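Below is the file my_file.cif, which contains mmCIF, C-alpha atoms.
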data_work
#
loop_
_atom_site.label_atom_id
_atom_site.label_comp_id
_atom_site.auth_asym_id
_atom_site.auth_seq_id
_atom_site.Cartn_x
_atom_site.Cartn_y
_atom_site.Cartn_z
CA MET Y 1 0.00 0.00 0.00
CA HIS Y 2 3.01 2.28 0.54
CA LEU Y 3 4.12 1.41 -3.01
CA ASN Y 4 0.66 2.23 -4.38
CA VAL Y 5 0.66 5.56 -2.51
CA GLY Y 6 4.07 6.35 -3.99
CA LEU Y 7 2.80 5.48 -7.47
CA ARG Y 8 -0.20 7.81 -7.10
CA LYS Y 9 1.93 10.62 -5.66
CA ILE Y 10 4.51 10.49 -8.41
CA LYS Y 11 1.82 10.22 -11.09
CA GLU Y 12 0.58 13.50 -9.60
CA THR Y 13 4.13 14.88 -9.81
CA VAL Y 14 4.35 13.74 -13.45
CA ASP Y 15 1.17 15.70 -14.16
CA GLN Y 16 2.67 18.69 -12.34
CA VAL Y 17 5.88 18.45 -14.39
CA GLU Y 18 3.85 18.20 -17.60
CA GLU Y 19 2.02 21.37 -16.56
CA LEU Y 20 5.27 23.17 -15.71
CA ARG Y 21 7.09 22.18 -18.92
CA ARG Y 22 5.05 24.56 -21.09
CA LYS Y 23 14.92 23.88 -19.27
CA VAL Y 24 14.08 21.33 -21.97
CA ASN Y 25 17.03 19.09 -21.08
CA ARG Y 26 15.84 18.97 -17.46
CA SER Y 27 12.37 17.89 -18.61
CA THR Y 28 13.73 15.21 -20.96
CA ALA Y 29 16.02 13.76 -18.28
CA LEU Y 30 13.16 13.84 -15.77
CA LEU Y 31 10.85 11.95 -18.13
CA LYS Y 32 13.55 9.34 -18.82
CA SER Y 33 14.17 8.84 -15.10
CA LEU Y 34 10.42 8.64 -14.47
CA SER Y 35 10.04 5.92 -17.10
CA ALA Y 36 12.89 3.90 -15.62
CA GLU Y 37 11.23 4.48 -12.23
CA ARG Y 38 7.89 3.19 -13.57
CA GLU Y 39 9.38 -0.02 -14.99
CA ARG Y 40 11.36 -0.58 -11.79
CA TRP Y 41 8.23 -0.32 -9.68
CA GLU Y 42 6.28 -2.61 -12.00
CA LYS Y 43 9.05 -5.16 -11.38
CA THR Y 44 8.87 -4.46 -7.63
CA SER Y 45 5.11 -5.03 -7.58
CA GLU Y 46 5.63 -8.28 -9.50
CA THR Y 47 8.22 -9.50 -6.98
CA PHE Y 48 5.93 -8.50 -4.10
CA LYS Y 49 3.21 -10.60 -5.73
CA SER M 1 13.97 9.43 1.26
CA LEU M 2 13.32 10.02 -2.45
CA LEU M 3 9.60 10.43 -1.76
CA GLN M 4 10.13 12.92 1.07
CA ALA M 5 12.69 14.91 -0.95
CA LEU M 6 10.30 15.05 -3.92
CA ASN M 7 7.35 16.23 -1.85
CA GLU M 8 9.56 18.75 -0.04
CA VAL M 9 10.88 20.25 -3.30
CA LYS M 10 7.55 19.84 -5.17
CA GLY M 11 9.47 18.59 -8.22
CA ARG M 12 10.85 22.00 -9.16
CA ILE M 13 12.75 22.19 -12.44
CA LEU M 14 15.47 24.15 -10.62
CA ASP M 15 15.84 21.31 -8.09
CA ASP M 16 16.22 18.93 -11.04
CA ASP M 17 19.97 18.40 -10.60
CA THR M 18 19.53 17.33 -6.97
CA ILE M 19 16.56 15.14 -7.93
CA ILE M 20 18.46 13.48 -10.79
CA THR M 21 21.54 12.79 -8.66
CA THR M 22 19.39 10.98 -6.10
CA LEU M 23 17.48 9.17 -8.85
CA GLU M 24 20.65 7.91 -10.55
CA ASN M 25 22.08 6.84 -7.18
CA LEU M 26 18.88 4.86 -6.56
CA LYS M 27 19.12 3.35 -10.04
CA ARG M 28 22.72 2.34 -9.31
CA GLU M 29 21.65 0.73 -6.03
CA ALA M 30 18.82 -1.14 -7.77
CA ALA M 31 21.22 -2.27 -10.51
CA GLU M 32 23.64 -3.56 -7.88
CA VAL M 33 20.83 -5.49 -6.18
CA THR M 34 19.68 -6.86 -9.55
CA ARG M 35 23.24 -7.97 -10.33
CA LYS M 36 23.42 -9.69 -6.94
CA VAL M 37 20.12 -11.50 -7.60
CA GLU M 38 21.15 -12.47 -11.16
CA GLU M 39 24.39 -13.98 -9.78
CA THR M 40 23.00 -15.89 -6.77
CA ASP M 41 23.73 -19.31 -8.27
CA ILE M 42 27.37 -18.53 -9.12
CA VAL M 43 28.10 -17.01 -5.70
CA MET M 44 26.36 -19.89 -3.92
CA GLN M 45 28.35 -22.48 -5.88
CA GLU M 46 31.62 -20.63 -5.20
CA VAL M 47 30.80 -20.49 -1.48
CA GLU M 48 29.96 -24.21 -1.55
CA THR M 49 33.29 -25.02 -3.21
CA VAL M 50 35.22 -22.95 -0.66
CA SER M 51 33.31 -24.56 2.22
CA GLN M 52 34.03 -28.03 0.83
CA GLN M 53 37.71 -27.08 0.59
CA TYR M 54 37.82 -25.84 4.20
CA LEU M 55 35.59 -28.56 5.70
CA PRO M 56 38.41 -31.00 6.68
CA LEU M 57 40.13 -28.31 8.76
CA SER M 58 36.90 -27.63 10.68
CA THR M 59 36.32 -31.35 11.25
CA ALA M 60 39.90 -31.64 12.52
CA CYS M 61 39.31 -28.69 14.86
CA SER M 62 36.16 -30.26 16.30
CA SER M 63 37.79 -33.67 16.74
CA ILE M 64 40.87 -32.10 18.34
CA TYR M 65 38.82 -30.07 20.82
CA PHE M 66 36.64 -32.99 21.84
CA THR M 67 39.67 -35.24 22.31
CA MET M 68 41.10 -32.43 24.45
CA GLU M 69 37.92 -32.33 26.53
CA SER M 70 37.67 -36.12 26.92
CA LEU M 71 41.35 -36.15 27.97
CA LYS M 72 39.99 -35.81 31.53
CA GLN M 73 39.32 -39.57 31.55
CA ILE M 74 43.02 -40.49 31.73
CA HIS M 75 43.85 -38.11 34.56
CA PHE M 76 42.05 -35.58 36.74
CA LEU M 77 44.63 -32.92 35.82
CA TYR M 78 43.75 -32.82 32.09
CA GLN M 79 40.82 -30.41 32.42
CA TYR M 80 40.69 -28.24 29.28
CA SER M 81 38.05 -25.63 28.49
CA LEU M 82 36.62 -24.36 25.21
CA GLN M 83 38.45 -21.05 25.62
CA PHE M 84 41.79 -22.89 25.61
CA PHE M 85 41.11 -24.49 22.23
CA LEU M 86 39.70 -21.21 20.90
CA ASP M 87 42.95 -19.51 21.92
CA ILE M 88 44.90 -22.27 20.14
CA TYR M 89 42.80 -21.80 16.99
CA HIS M 90 43.18 -18.02 17.01
CA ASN M 91 46.92 -18.33 17.60
CA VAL M 92 47.37 -20.69 14.66
CA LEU M 93 45.10 -18.63 12.39
CA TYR M 94 46.52 -15.16 13.12
CA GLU M 95 49.81 -15.35 15.05
CA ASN M 96 51.36 -17.89 12.69
CA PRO M 97 55.07 -17.28 11.94
CA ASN M 98 54.82 -19.79 9.07
CA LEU M 99 52.15 -17.63 7.38
CA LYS M 100 54.20 -14.43 7.11
CA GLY M 101 54.49 -14.49 3.32
CA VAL M 102 52.43 -17.46 2.15
CA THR M 103 49.80 -16.41 -0.39
CA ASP M 104 48.50 -19.55 -2.12
CA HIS M 105 45.20 -20.40 -0.45
CA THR M 106 45.77 -24.17 -0.51
CA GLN M 107 49.29 -23.66 0.85
CA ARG M 108 47.94 -21.46 3.66
CA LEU M 109 45.33 -24.13 4.42
CA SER M 110 47.96 -26.88 4.61
CA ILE M 111 50.23 -24.74 6.80
CA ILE M 112 47.29 -23.86 9.05
CA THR M 113 46.34 -27.53 9.48
CA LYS M 114 49.90 -28.66 10.21
CA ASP M 115 50.60 -25.82 12.65
CA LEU M 116 47.21 -26.38 14.29
CA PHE M 117 48.13 -29.98 15.05
CA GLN M 118 51.62 -29.01 16.21
CA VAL M 119 50.53 -26.11 18.44
CA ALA M 120 47.63 -28.06 19.94
CA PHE M 121 49.96 -30.93 20.80
CA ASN M 122 52.59 -28.62 22.28
CA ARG M 123 50.18 -26.63 24.43
CA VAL M 124 48.30 -29.71 25.65
CA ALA M 125 51.43 -31.77 26.37
CA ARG M 126 53.22 -28.93 28.19
CA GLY M 127 50.79 -29.66 31.02
CA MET M 128 50.45 -33.42 30.62
CA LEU M 129 52.34 -36.31 32.21
CA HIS M 130 55.30 -37.54 30.18
CA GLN M 131 53.82 -41.05 29.96
CA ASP M 132 50.73 -39.62 28.20
CA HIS M 133 52.50 -37.67 25.43
CA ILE M 134 52.53 -40.71 23.15
CA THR M 135 48.81 -41.28 23.73
CA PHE M 136 47.92 -37.74 22.65
CA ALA M 137 50.28 -37.98 19.68
CA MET M 138 48.57 -41.23 18.65
CA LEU M 139 45.15 -39.60 18.96
CA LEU M 140 46.23 -36.63 16.83
CA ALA M 141 47.74 -39.02 14.28
CA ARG M 142 44.42 -40.87 14.09
CA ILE M 143 42.60 -37.54 13.65
CA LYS M 144 44.97 -36.57 10.84
CA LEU M 145 44.52 -39.96 9.17
CA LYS M 146 40.74 -39.58 9.31
CA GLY M 147 41.02 -36.08 7.86
CA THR M 148 43.55 -36.90 5.15
CA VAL M 149 42.47 -38.08 1.70
CA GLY M 150 43.79 -40.84 -0.51
CA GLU M 151 44.32 -43.23 2.41
CA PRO M 152 42.28 -46.18 3.67
CA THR M 153 40.42 -45.74 6.94
CA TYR M 154 42.31 -48.73 8.43
CA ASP M 155 39.27 -49.33 10.64
CA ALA M 156 39.90 -53.07 10.96
CA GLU M 157 43.61 -52.57 11.68
CA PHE M 158 43.01 -49.94 14.37
CA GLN M 159 40.18 -51.98 15.91
CA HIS M 160 42.46 -55.02 16.14
CA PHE M 161 45.26 -52.86 17.55
CA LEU M 162 43.10 -51.35 20.29
CA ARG M 163 40.42 -53.90 21.24
CA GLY M 164 40.69 -56.74 18.72
CA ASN M 165 43.81 -58.19 20.34
CA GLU M 166 41.59 -59.61 23.11
CA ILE M 167 39.46 -62.16 21.25
CA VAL M 168 38.96 -65.86 22.00
CA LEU M 169 41.51 -67.69 19.83
CA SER M 170 43.33 -69.83 22.41
CA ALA M 171 42.32 -73.10 20.74
CA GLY M 172 44.92 -74.59 18.42
CA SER M 173 47.86 -72.46 19.59
CA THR M 174 50.73 -74.38 18.02
CA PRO M 175 54.26 -73.75 19.35
CA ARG M 176 55.25 -72.54 15.83
CA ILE M 177 59.06 -72.21 15.90
CA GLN M 178 61.40 -72.37 18.90
CA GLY M 179 61.67 -68.58 18.84
CA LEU M 180 57.94 -68.12 19.38
CA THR M 181 56.72 -68.39 22.97
CA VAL M 182 53.20 -69.30 24.05
CA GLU M 183 52.05 -65.69 24.47
CA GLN M 184 53.74 -64.80 21.18
CA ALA M 185 52.01 -67.78 19.56
CA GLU M 186 48.63 -66.59 20.83
CA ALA M 187 49.40 -63.08 19.56
CA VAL M 188 50.26 -64.54 16.15
CA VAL M 189 46.97 -66.46 16.11
CA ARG M 190 45.04 -63.29 16.99
CA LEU M 191 46.86 -61.17 14.39
CA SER M 192 46.38 -63.80 11.67
CA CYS M 193 42.61 -63.27 11.97
CA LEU M 194 43.11 -60.14 9.87
CA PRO M 195 42.85 -60.76 6.10
CA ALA M 196 46.22 -59.11 5.43
CA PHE M 197 47.94 -61.51 7.87
CA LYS M 198 46.18 -64.77 6.95
CA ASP M 199 49.50 -66.31 5.82
CA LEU M 200 51.42 -65.31 8.95
#
As structure tokens:
Amino acid sequence: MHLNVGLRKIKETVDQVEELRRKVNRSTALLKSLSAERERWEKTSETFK
Amino acid sequence: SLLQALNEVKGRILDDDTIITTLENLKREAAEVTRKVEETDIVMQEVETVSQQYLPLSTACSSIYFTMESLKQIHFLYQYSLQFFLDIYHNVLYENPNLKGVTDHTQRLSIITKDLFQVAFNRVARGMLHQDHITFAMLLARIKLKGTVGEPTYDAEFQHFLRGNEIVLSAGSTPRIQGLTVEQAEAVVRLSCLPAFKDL
């Protein structure tokens, strides 16, 4: 449930970053790190299952 | 920590460098953990091989200590504690003059085993009656023979040497030759019971 809360919170932060985007390099790096973060947590949820 | 830092900084684009440094550190940590998980079998097999290599030394240590403890049966003065054998083991492992420059792991293991036997014998026999030195040396020799590889257990030979000499074989004790006496003849009959001495 902590993991789910973190997922919801950082989805909110992704929405906030999307709103704030419109430095471009900062945004691109942030999106890349967020995607790696998303796949990592999908793996973590799978291993918790 | 990442979650609290993110909600404290609100994901500001100016705080992006600090966020990215933490994120890449976390990715590095996760990659290290993933590498550890992806290499569990190799590490476990390596640990198993090392443990199999070092098992005979541990068995020798246990046998040596329990012979030391049971040494109280011969004489009331042979009381030895676990701390004494632990001191012996730590002395041979760390304060070993023969291990000053040895680097080959198998060579260090062999030196450790040999010096363990030597130091244990010396420290035990320094406080043991002179008539019992040979007994302890024989016990350590038996322990080494059990621990060594490529040699027969000699279970029948040792059993005959210790307790097998007293078995009922008095019947048919021929005088043999004039050199043999009656007790020597009986000893020959008893020893000939072994398969390796059937033609004695």
Find the residue from Y:33, Y:16, Y:28, Y:4 that sits nearest to residue M:19; use all atoms listed in the file when measuring.
-> Y:33
One-decimal distance in Å that lies between atom CA of residue Y:42 and atom CA of residue Y:27 | 22.4 Å
For residue Y:26, list every protein, DNA or RNA residue within 9 Å, evaluated using only C-alpha atoms, and leave out those in the same chain fewer than 6 positions away; present the list as a CSV table (one decimal) with C-alpha atoms, in the frame of the given file.
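As written to disk, out.csv reads:
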chain,number,residue,atom,x,y,z
M,13,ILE,CA,12.8,22.2,-12.4
M,14,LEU,CA,15.5,24.2,-10.6
M,16,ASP,CA,16.2,18.9,-11.0
M,17,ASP,CA,20.0,18.4,-10.6
Kindly determine which residues of chain Y lie within 9 Å of chain M, considering all atoms listed in the file, and give the answer as a PyMOL selection string.
-> chain Y and resi 6+9-10+13-14+16-17+20-21+23+26-27+29-30+33+36-37+40
Point (50.4, -38.0, 20.7), cut-off 12 Å, counting all atoms listed in the file, residues as number ranges by chain | M: 64, 67-68, 71, 117-118, 120-125, 128-144
Produce a file of the selected residues containing C-alpha atoms, as a compact mmCIF listing (two decimals), keeping the file's coordinate frame.
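Saved as part.txt:
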# COMPACT_ATOMS: atom_id res chain seq x y z
CA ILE M 64 40.87 -32.10 18.34
CA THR M 67 39.67 -35.24 22.31
CA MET M 68 41.10 -32.43 24.45
CA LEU M 71 41.35 -36.15 27.97
CA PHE M 117 48.13 -29.98 15.05
CA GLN M 118 51.62 -29.01 16.21
CA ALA M 120 47.63 -28.06 19.94
CA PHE M 121 49.96 -30.93 20.80
CA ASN M 122 52.59 -28.62 22.28
CA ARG M 123 50.18 -26.63 24.43
CA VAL M 124 48.30 -29.71 25.65
CA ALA M 125 51.43 -31.77 26.37
CA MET M 128 50.45 -33.42 30.62
CA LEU M 129 52.34 -36.31 32.21
CA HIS M 130 55.30 -37.54 30.18
CA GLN M 131 53.82 -41.05 29.96
CA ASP M 132 50.73 -39.62 28.20
CA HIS M 133 52.50 -37.67 25.43
CA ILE M 134 52.53 -40.71 23.15
CA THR M 135 48.81 -41.28 23.73
CA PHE M 136 47.92 -37.74 22.65
CA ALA M 137 50.28 -37.98 19.68
CA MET M 138 48.57 -41.23 18.65
CA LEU M 139 45.15 -39.60 18.96
CA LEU M 140 46.23 -36.63 16.83
CA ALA M 141 47.74 -39.02 14.28
CA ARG M 142 44.42 -40.87 14.09
CA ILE M 143 42.60 -37.54 13.65
CA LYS M 144 44.97 -36.57 10.84
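Here atom CA of residue M:184 stands at a distance of 11.6 Å from atom CA of residue M:170.
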Using only the atoms of stretch 17-35 of chain Y listed in the file, plus 6 Å on each side, state the axis-aligned box centre and edge lengths in Å rounded to one decimal, as JSON.
{"center_x": 9.5, "center_y": 15.2, "center_z": -18.2, "size_x": 27.0, "size_y": 30.6, "size_z": 19.6}
Can you work out the spacing between atom CA of residue M:61 and atom CA of residue M:81 in Å, to one decimal?
->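 Between atom CA of residue M:61 and atom CA of residue M:81 the gap is 14.0 Å.
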Check the smallest atom-to-atom distance from each of M:9, M:93, M:102, M:44 to residue M:115 using only C-alpha atoms, then report the winner.
-> M:93
